[PDB]
Amino acid sequence: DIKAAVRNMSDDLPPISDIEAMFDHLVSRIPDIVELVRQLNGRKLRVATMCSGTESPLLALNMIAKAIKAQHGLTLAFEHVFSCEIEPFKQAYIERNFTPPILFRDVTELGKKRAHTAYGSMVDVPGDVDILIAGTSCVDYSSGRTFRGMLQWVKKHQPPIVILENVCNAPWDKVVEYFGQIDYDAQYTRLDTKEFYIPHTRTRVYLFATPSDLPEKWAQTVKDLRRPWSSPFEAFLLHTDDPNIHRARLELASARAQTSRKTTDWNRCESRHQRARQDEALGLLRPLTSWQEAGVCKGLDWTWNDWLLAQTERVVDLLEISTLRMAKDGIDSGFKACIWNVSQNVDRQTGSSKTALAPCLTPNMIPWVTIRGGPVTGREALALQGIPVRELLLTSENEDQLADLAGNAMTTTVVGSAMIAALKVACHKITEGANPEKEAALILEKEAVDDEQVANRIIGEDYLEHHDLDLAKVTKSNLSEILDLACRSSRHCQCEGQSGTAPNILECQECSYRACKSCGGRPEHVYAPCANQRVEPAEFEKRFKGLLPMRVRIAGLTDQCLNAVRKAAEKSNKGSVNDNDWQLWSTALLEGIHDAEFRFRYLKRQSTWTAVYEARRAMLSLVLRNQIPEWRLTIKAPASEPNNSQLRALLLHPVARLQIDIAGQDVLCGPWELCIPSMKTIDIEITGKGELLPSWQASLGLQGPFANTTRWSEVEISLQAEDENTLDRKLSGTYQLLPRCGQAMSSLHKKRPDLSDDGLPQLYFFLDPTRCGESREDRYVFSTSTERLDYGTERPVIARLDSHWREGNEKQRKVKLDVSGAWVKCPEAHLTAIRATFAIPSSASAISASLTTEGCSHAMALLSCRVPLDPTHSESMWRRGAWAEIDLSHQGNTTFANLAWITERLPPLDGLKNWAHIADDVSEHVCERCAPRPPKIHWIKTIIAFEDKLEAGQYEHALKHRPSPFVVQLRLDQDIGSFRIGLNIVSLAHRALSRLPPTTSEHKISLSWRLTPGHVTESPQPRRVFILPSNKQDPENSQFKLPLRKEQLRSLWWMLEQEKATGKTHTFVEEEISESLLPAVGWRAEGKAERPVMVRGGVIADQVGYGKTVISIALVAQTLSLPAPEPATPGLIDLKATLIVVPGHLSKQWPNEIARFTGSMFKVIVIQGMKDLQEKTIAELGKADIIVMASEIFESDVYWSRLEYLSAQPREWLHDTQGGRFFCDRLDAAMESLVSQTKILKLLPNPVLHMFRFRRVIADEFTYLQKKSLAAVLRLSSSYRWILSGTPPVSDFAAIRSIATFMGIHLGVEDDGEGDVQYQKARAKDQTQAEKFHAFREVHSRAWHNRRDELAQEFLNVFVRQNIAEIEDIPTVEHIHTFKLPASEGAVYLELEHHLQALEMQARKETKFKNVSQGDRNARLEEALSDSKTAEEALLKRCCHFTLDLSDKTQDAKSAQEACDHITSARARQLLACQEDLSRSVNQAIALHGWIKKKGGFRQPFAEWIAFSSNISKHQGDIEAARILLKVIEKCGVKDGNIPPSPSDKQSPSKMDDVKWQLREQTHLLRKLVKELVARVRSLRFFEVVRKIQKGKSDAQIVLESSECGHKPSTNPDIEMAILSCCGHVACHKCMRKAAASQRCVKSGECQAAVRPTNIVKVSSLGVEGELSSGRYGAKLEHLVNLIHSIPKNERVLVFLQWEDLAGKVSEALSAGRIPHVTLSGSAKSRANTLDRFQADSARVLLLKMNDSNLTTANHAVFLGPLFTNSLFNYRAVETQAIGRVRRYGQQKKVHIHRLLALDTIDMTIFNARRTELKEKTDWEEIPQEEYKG
DNA sequence: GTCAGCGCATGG
DNA sequence: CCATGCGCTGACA
Ligand SMILES: [Zn+2]
Ligand SMILES: [Zn+2]
Ligand SMILES: [Zn+2]
Ligand SMILES: [Zn+2]
Ligand SMILES: [Zn+2]
């Protein structure tokens, strides 16, 4: 009875979903376990772990300790000796959740005497252990090196018990052998997780081994501790709106929107999908997702569509086949709870034989909760492994990393059972300490000193105000006002969650159901825009918590009252009650209500606000509906009650309700009424009327007996009148079916309006199924509610039909209706509310005065709250007589949940919100307790990072012993519960202080602190855009150059100001914040350490300007005679020279720039190439007034070698080619060396730049610097520091911290969690293992990062200026010439587009293929993209001109409709080529088959494929494609059977099994070829029909008449026509949107084309030939011709193209015009001569490339099509490059730019999308728009 | 280097 | 004869 118990839910067992309760039951079953605590004598059981992952043995042991203490009143202490883990994220997960004394890195070296920890400590191994658990990497065989290390340890120290857990199919017999070699008896069993309390079906193998019949006893006892599951998996899941689930959903949306979709090959599994759909008589419809080839999918409203857009076609079609498989059984997924693990094949897919189970959730899993509509989040995957997730602590781990932890863990119930049995069996082999008294003395003194220490942390309470006392307040405005605000603040779309709002809500006309616009298309209600005004849910949260009492109490209820209610309901005409049900019901209700003090728990925004009040034996909930809000009372069944007991069934639904007086100002005022438990059954008459519709199964596509099943549109219900008197609400009437309004089996009906029932809410009739029941259990229902309900919540119901009744075509039947639970009212029942004070700091900063230095050991008080509790039913949380900590890292979430009724009433505590604290601290201080110094990194050699073992040991130790910044304490003294909260400020201050780097600026560090109240999370957020202030409205100053340029002067002024720094002792103030937050209250306390720094520099970045160099040399020649510093450092030589560092090709242009403006104003010592520093000399190099350098000099290895010689390092040292972190650390040590050397010590032969201090350093580009010389330029030292640039790197925080580092400012520090993942990986490529661990151990919040970005933005406002091309100082305007492609021309674009859709191709593949025929066929299939790759690139050219190939000079179309003939001929030839390929392969297969048959006796792929293909009556796709295929196969000689005689082709290239495998693969190829053929014939039909209709003759009438529907312009409609793009058929637009809404074509028999609504193309859209003229050229080119002919003659033009294939076509096009042009290309160097030829009227309308100066001579610019790029950054770069080419400067005339675009084409699309994204992501600014006239 | 298509085994 | 296994290799960035 034990193997059949885990089949389905055991009803005779109680339900049990709490882990601790599971372990209580377990420890109960085995009482022999006390004997173990008896064997040990106060000794602590010593436990070791190896690769457990989630440390589940530790949780199991802890819970067993609690259970055994509660059960027997004894103490069994355990001691986690050490652990082992090798993945850094798993290590950090351990270290946060469990804090083990030792955490080793690799197990291989456990045999040794010393081993490394996850920090790097190098501690020695512990030694003797009383039990060892391992798994998931310790059986490494299937080399297995880790198993050997574990065995070495087990041999060295002999542990009495060893337990292993791993996958079922592993070499277990080898393990038993090896243990036998090491003198260990062993045994192993397979244990199912669903067999220890948990509804997860997962089978594993455990092994027990002990030093040498014990394993056999262990096996038997473990198998005896088996208890099946009794709760469905849904008791372990979280709610779908819970903050963590919703955070996952928002991350999906954010990742998708932040950012293509190339098709994967899955033909071999597509064959299995097809055979499944065909074998089980499913349809070829995709009901759950409407997924499509070369496109997107769109699911139902509630289904996490951003997850479905991220999976492949195999997974999505598995979801389809699974929903179709359940629908064949009568079950509608989406309304029944089940999980699917679709990660595997379709044939080996048993999602769960019983719905309550969850299949094995494997490490690589694609899980799917049917109800939720989305995946199983990592936390839920953990909670199904027996891990209590209420206080899990996770930081920044991917869903696949969490899935890995969860998949490889071991279930706590199974490990608990195995360890219980081990300890009970081997209980004697564990030694005993047998010295208990001493141990007891020690442990008692330990708890005593701890209790003292906790009693003294919080120091203060003197400035506490202790001013107020407050509870039971009801700030009451008006009940109708509250209902109105509620209705507008609630949830309108599923994607909103608890706190979000969405734009464009729609509301259905009947069954008003709200959804946004992005969601809400798959189920298509009759929608309309919503007339609601969105109000924030936080605002309403405030007002709604104001109205409510924080505790309530029900009184006036006693036996005689219930007796009166019963006797009155029986006096009235209602249900009689069975005596026993009444007994149980009354007893339970009274024992629940008595002494009930309901306390407030939480609100929930869920399309209807709800307040939850919880007591010890009942829950009380205030549902706040639109109409008729009420309180609902629910009585809890005893926990020790079976699943199928009667009592549990009686107490399922609320037994008392309280409907509020809407006019009443009171929130708890109306009368109460009770739900007597009376079961009544009555007869009824259902009748179907009206037109009849296709049923649910038929509309899904199923093709068994479910094909063409019909259901009525309206049912009419007629009751006996006396039953309408008995019942409270009248049910008779007619209910019209609403098929487009989604529900269980599309069964929603709606009562038609009647008399005298107008004021009442609307009543619906639909099928409401249970979450885990069976199909025969379900039944239609009468209710006024229709929303989706959570788990454990029930919907109010008027009545319930039979389970038999399902919609059908039967005329009328008589069924039994179940009315039950009559609502009767008693006036006695009453609801009522219920010196509690609280203290806050009086004034902020009086605290900060009250603190000292060295106060880290104490926590200044922030709050204290006294409240009258009561002795009986007061929880264990309040320690009696003495304070008790909370230990919030493990119990904060569950503690603050029970303190909600107290906290929610508290005022915000916002007095202390501004930075206020002491200042002027010592530069050199490390608390060494709040901030221990991280160890130093050593380098081995190929370069490996090291850790100082002593430093790492001290760092780890001190890091463990840090004070937590928040403290929560509770105590209970004489039935008054007081609790206080403390904030250790000085800790935060010392941490923020320690992070800041040491410097010498003679500026002092100040300190600050503040506490921010009521904060919320900021998780899914778009990146910031950093905007740069320009050099404008700043004074101009005059200056020996020949000219002065005006706007160049305004920037010279700003440079001078930044240089001189009048007054201004400080320019910046480096900030560094260290945060702490208490989440449950919403408090974020942060301490700041800041000091100011004075830096006399600037950053200028002008994309386009008249000049960048003239202003710099102007600055130099200006400041030529001034003493720059007052302080000079004695180590470094000083020079008056100014140094410039330029990428190198411009080092020639710079001195010729300075030559013209200032002639011999001073000396120049320009150098180029490394061998220029050798010829110079410091005195000659001195007395210069400028220096020019080449950034490449820092690449010359001789430079580094000379620097070494001068620094006196080891000669080989400081040598590396890569120049990374190793090189930078090394060069910094050498920098200290070189300064210390040059301290001592006349002219010298070879100088090096780093040895002397400059006056002024300038960097010419700063972004060419290739990271080997970036170090060299950062270490260079001087008095002033400037940057020059064309474009500044300002994309993120790191880019700007680089500018700051060059400046000399510690703008921030990196945490390695701020950037994107791509930058994060490159950072990681050099991180030590200990660093990858420390990155997961600690994280920071989002507000931390936001503040850092704000600091960087301020840095940008202070230092960086971008002078940009000027509006209205250079007049500019943009014109847009959008046109329409004429008929015959647009037809070819349409054909190419849909042909590339059908043949699922988007890009040419650069990778070559090993098989030769494979690459041959691949090229034959790629021929379609003739011009180039990237189908979009081909479409753009087809917008530009009509031609099949632009690189072939054979066929040229002298006009349109001739290119159409070219294209028809080409596609016909390609079709023939594909048929011939098909025939060749079929012959090859006939050969294989005959060759097997000749040697084999003789399921079979090829025979079945031939049989099925030879039948014209069965085919997916066209019937014409099947005609063609059958003609080939008849020509191949098949007469429905294979033929022994072949076609004489080479037979069997070619032991039998292998060639059979070859024949199978050939069959797969054949299927692929038939599919491609179908695509081809469909596309050809579409194009021929388009051309035919477009011609517009009687030929057009021939086809437009021949429609599939039967509506034709011929009888007498003049209505409308439309054709499909997927096929070529045409019926009638109205009679087509209907079939397209059902994923079907109009002719469901002939074509199976997978229609979507995007495939419909109106006939009128196509056009009519002979309308426009495109004689011989493309429309784009002709309009370009008109455009150039339009503008004046004197103006010079400029054209930009993207594709070179179009250069010839445009040149020819314009030569057809009278315009003379100039093309730069064709010459590698005379291109510059062309720009000289452009500068005599020799040229106009010069053409050039999009991606290749100052072509200012022309003002116009013309853009043909939009630039097509993969990234937005590159797009904006190239667009501004081109526009700046004409918009530089020196412009006399106003600039015009023209952009020709093709309407309803891809270029329209790229233009629209890029324009939209430029506004958000960039803060790029638009050009004016004016309509151009010439 | 990484990930999804692809596959019958295996114990009772 | 059923219920349940949980990775690997080869194509690709
Ligand atoms: Zn939505
Ligand atoms: Zn609707
Ligand atoms: Zn400190
Ligand atoms: Zn029609
Ligand atoms: Zn069709």
# chains A, B, ... in the order shown; residues from 1 in each chain; ligands from 1
>>> residues_near_ligand(ligand="ligand 1", cutoff="7 Å", atoms="only C-alpha atoms (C1' of nucleotides) and all ligand atoms", output="NGL selection string")
:A and (493-496 or 502 or 515-519)
>>> interface_residues(of="chain B", to="chain A", cutoff="10 Å", atoms="only C-alpha atoms (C1' of nucleotides)", output="ChimeraX atom specification")
/B:4-8,10
>>> closest_residue(among="A:67, A:1169, A:787, A:445", to="ligand 2", atoms="only C-alpha atoms and all ligand atoms")
A:787
>>> residues_near_ligand(ligand="ligand 5", cutoff="9 Å", atoms="only C-alpha atoms (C1' of nucleotides) and all ligand atoms", output="number ranges by chain")
A: 1517-1518, 1578, 1620-1626, 1640-1644, 1646-1651
>>> interface_residues(of="chain A", to="chain C", cutoff="10 Å", atoms="only C-alpha atoms (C1' of nucleotides)", output="ChimeraX atom specification")
/A:167-169,201-204,344,350,353,359-365,407,1407
>>> residues_near_ligand(ligand="ligand 4", cutoff="7 Å", atoms="only C-alpha atoms (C1' of nucleotides) and all ligand atoms", output="VMD selection string")
chain A and resid 1605 to 1607 1627 to 1628 1630 to 1631
>>> write_last_selection(atoms="N, CA and C atoms", output="compact mmCIF listing (two decimals), in the first residue's frame")
# COMPACT_ATOMS: atom_id res chain seq x y z
N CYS A 1605 -14.22 32.14 -50.19
CA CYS A 1605 -15.33 32.33 -49.27
C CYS A 1605 -16.67 32.08 -49.94
N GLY A 1606 -16.93 32.77 -51.04
CA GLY A 1606 -18.28 32.90 -51.56
C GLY A 1606 -18.82 34.30 -51.50
N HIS A 1607 -18.00 35.27 -51.11
CA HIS A 1607 -18.32 36.69 -51.23
C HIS A 1607 -17.41 37.27 -52.30
N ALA A 1627 -10.04 35.64 -50.09
CA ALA A 1627 -11.47 35.39 -49.97
C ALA A 1627 -12.35 36.63 -49.84
N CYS A 1628 -12.25 37.31 -48.70
CA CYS A 1628 -13.00 38.53 -48.42
C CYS A 1628 -12.56 39.00 -47.05
N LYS A 1630 -13.52 40.70 -44.40
CA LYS A 1630 -14.29 40.39 -43.19
C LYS A 1630 -14.30 38.89 -42.94
N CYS A 1631 -14.55 38.10 -43.97
CA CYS A 1631 -14.67 36.66 -43.83
C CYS A 1631 -13.29 36.01 -43.80
>>> residues_around(residues="residue 26 (chain A)", least_positions_apart="4", cutoff="12 Å", atoms="only C-alpha atoms (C1' of nucleotides)", output="number ranges by chain")
A: 19-22, 30-33, 60, 63-65, 67-68, 71, 196-197, 222, 224-227, 412-421
>>> select_by_dssp(residues="region 882-1037 of chain A", states="strand (DSSP E)", output="list in words")
residues 884, 885, 966, 967, 968, 969, 970, 971, 972, 976, 977, 978, 979, 980, 981, 982, 983, 1006, 1007, 1008, 1009, 1010, 1011, 1012 and 1013 of chain A
>>> atom_distance(atom1="CA of residue 756 (chain A)", atom2="CA of residue 571 (chain A)")
26.4 Å
>>> residues_near_ligand(ligand="ligand 3", cutoff="6 Å", atoms="only C-alpha atoms (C1' of nucleotides) and all ligand atoms", output="count of residues only")
7
>>> residues_near_ligand(ligand="ligand 2", cutoff="10 Å", atoms="only C-alpha atoms (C1' of nucleotides) and all ligand atoms", output="ChimeraX atom specification")
/A:507-514,523-527,738-743,748
>>> write_last_selection(atoms="N, CA, C and O atoms", output="CSV table (one decimal), in the first residue's frame")
chain,number,residue,atom,x,y,z
A,507,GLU,N,-10.7,47.9,-21.2
A,507,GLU,CA,-11.7,47.1,-20.4
A,507,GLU,C,-12.8,46.6,-21.3
A,507,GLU,O,-13.4,47.2,-22.1
A,508,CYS,N,-13.0,45.3,-21.1
A,508,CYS,CA,-14.0,44.6,-21.9
A,508,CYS,C,-15.4,45.0,-21.7
A,508,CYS,O,-15.8,45.4,-20.5
A,509,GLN,N,-16.2,45.0,-22.7
A,509,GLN,CA,-17.6,45.6,-22.6
A,509,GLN,C,-18.5,44.7,-21.8
A,509,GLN,O,-19.3,45.2,-21.0
A,510,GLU,N,-18.5,43.4,-22.0
A,510,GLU,CA,-19.2,42.5,-21.1
A,510,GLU,C,-18.2,41.6,-20.4
A,510,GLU,O,-17.2,41.2,-21.1
A,511,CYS,N,-18.4,41.3,-19.2
A,511,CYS,CA,-17.4,40.8,-18.3
A,511,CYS,C,-16.2,41.8,-18.3
A,511,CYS,O,-15.1,41.5,-18.8
A,512,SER,N,-16.4,42.9,-17.7
A,512,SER,CA,-15.4,43.9,-17.7
A,512,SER,C,-14.1,43.4,-17.1
A,512,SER,O,-14.0,43.2,-15.9
A,513,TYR,N,-13.1,43.2,-17.9
A,513,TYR,CA,-11.9,42.6,-17.6
A,513,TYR,C,-10.8,43.5,-18.1
A,513,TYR,O,-10.8,43.8,-19.3
A,514,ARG,N,-9.9,43.9,-17.3
A,514,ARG,CA,-8.9,45.0,-17.6
A,514,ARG,C,-7.6,44.4,-17.9
A,514,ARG,O,-7.1,43.5,-17.3
A,523,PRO,N,-6.4,36.5,-26.1
A,523,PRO,CA,-7.8,36.2,-25.8
A,523,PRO,C,-8.4,37.5,-26.3
A,523,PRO,O,-8.1,38.5,-25.7
A,524,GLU,N,-9.4,37.5,-27.2
A,524,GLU,CA,-9.8,38.9,-27.7
A,524,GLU,C,-11.2,39.1,-27.2
A,524,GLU,O,-12.2,38.8,-27.9
A,525,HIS,N,-11.3,39.7,-26.0
A,525,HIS,CA,-12.6,40.2,-25.6
A,525,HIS,C,-13.0,41.3,-26.5
A,525,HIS,O,-12.3,41.8,-27.4
A,526,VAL,N,-14.3,41.8,-26.3
A,526,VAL,CA,-14.7,43.0,-27.0
A,526,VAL,C,-14.2,44.2,-26.1
A,526,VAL,O,-14.9,44.6,-25.1
A,527,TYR,N,-13.1,44.9,-26.5
A,527,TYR,CA,-12.4,45.8,-25.7
A,527,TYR,C,-12.9,47.3,-26.0
A,527,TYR,O,-13.5,47.5,-27.0
A,738,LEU,N,-20.3,33.9,-24.0
A,738,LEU,CA,-19.4,34.9,-24.4
A,738,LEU,C,-18.1,34.2,-24.8
A,738,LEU,O,-17.2,34.0,-24.0
A,739,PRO,N,-18.0,33.8,-26.1
A,739,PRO,CA,-16.9,32.9,-26.4
A,739,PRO,C,-15.5,33.6,-26.5
A,739,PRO,O,-14.5,32.9,-26.3
A,740,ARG,N,-15.5,34.8,-26.9
A,740,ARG,CA,-14.2,35.5,-27.0
A,740,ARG,C,-13.7,36.0,-25.6
A,740,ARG,O,-12.6,36.6,-25.5
A,741,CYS,N,-14.5,35.8,-24.6
A,741,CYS,CA,-14.1,36.2,-23.2
A,741,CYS,C,-13.6,35.0,-22.5
A,741,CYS,O,-14.3,34.0,-22.3
A,742,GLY,N,-12.3,35.0,-22.1
A,742,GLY,CA,-11.7,33.8,-21.7
A,742,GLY,C,-12.1,33.3,-20.4
A,742,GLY,O,-12.4,34.1,-19.4
A,743,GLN,N,-12.2,32.0,-20.2
A,743,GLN,CA,-12.5,31.3,-19.0
A,743,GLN,C,-12.0,29.9,-19.2
A,743,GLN,O,-11.2,29.6,-20.0
A,748,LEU,N,-17.8,31.0,-20.3
A,748,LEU,CA,-18.4,32.1,-19.6
A,748,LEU,C,-19.7,32.5,-20.2
A,748,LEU,O,-19.8,32.7,-21.4
>>> select_by_dssp(residues="region 1015-1083 of chain A", states="helix (DSSP H, G or I)", output="number ranges by chain")
A: 1046-1060
>>> write_last_selection(atoms="C-alpha atoms", output="PDB file, in the first residue's frame")
ATOM      1  CA  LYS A1046      35.085  84.541 -31.568  1.00  0.00           C
ATOM      2  CA  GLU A1047      33.694  81.274 -30.184  1.00  0.00           C
ATOM      3  CA  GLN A1048      37.285  80.108 -29.687  1.00  0.00           C
ATOM      4  CA  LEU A1049      37.648  82.961 -27.219  1.00  0.00           C
ATOM      5  CA  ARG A1050      34.747  82.039 -24.962  1.00  0.00           C
ATOM      6  CA  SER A1051      36.367  78.662 -24.333  1.00  0.00           C
ATOM      7  CA  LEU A1052      39.798  80.188 -23.807  1.00  0.00           C
ATOM      8  CA  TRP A1053      38.259  82.190 -20.981  1.00  0.00           C
ATOM      9  CA  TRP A1054      36.962  79.053 -19.282  1.00  0.00           C
ATOM     10  CA  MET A1055      40.287  77.290 -19.684  1.00  0.00           C
ATOM     11  CA  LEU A1056      42.027  80.260 -18.093  1.00  0.00           C
ATOM     12  CA  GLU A1057      39.602  80.260 -15.174  1.00  0.00           C
ATOM     13  CA  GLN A1058      40.060  76.546 -14.506  1.00  0.00           C
ATOM     14  CA  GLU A1059      43.816  77.137 -14.646  1.00  0.00           C
ATOM     15  CA  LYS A1060      44.077  80.190 -12.421  1.00  0.00           C
TER      16      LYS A1060
END
>>> closest_residue(among="A:637, A:857, A:1410, A:285", to="residue 962 (chain A)", atoms="only C-alpha atoms")
A:857
>>> closest_residue(among="A:1412, A:1576, A:574, A:119", to="residue 1424 (chain A)", atoms="only C-alpha atoms")
A:1576
>>> atom_distance(atom1="CA of residue 384 (chain A)", atom2="CA of residue 299 (chain A)")
27.2 Å
>>> atom_distance(atom1="CA of residue 483 (chain A)", atom2="CA of residue 621 (chain A)")
16.3 Å
>>> closest_residue(among="A:1819, A:559, A:400, A:1400", to="residue 1421 (chain A)", atoms="only C-alpha atoms")
A:1400
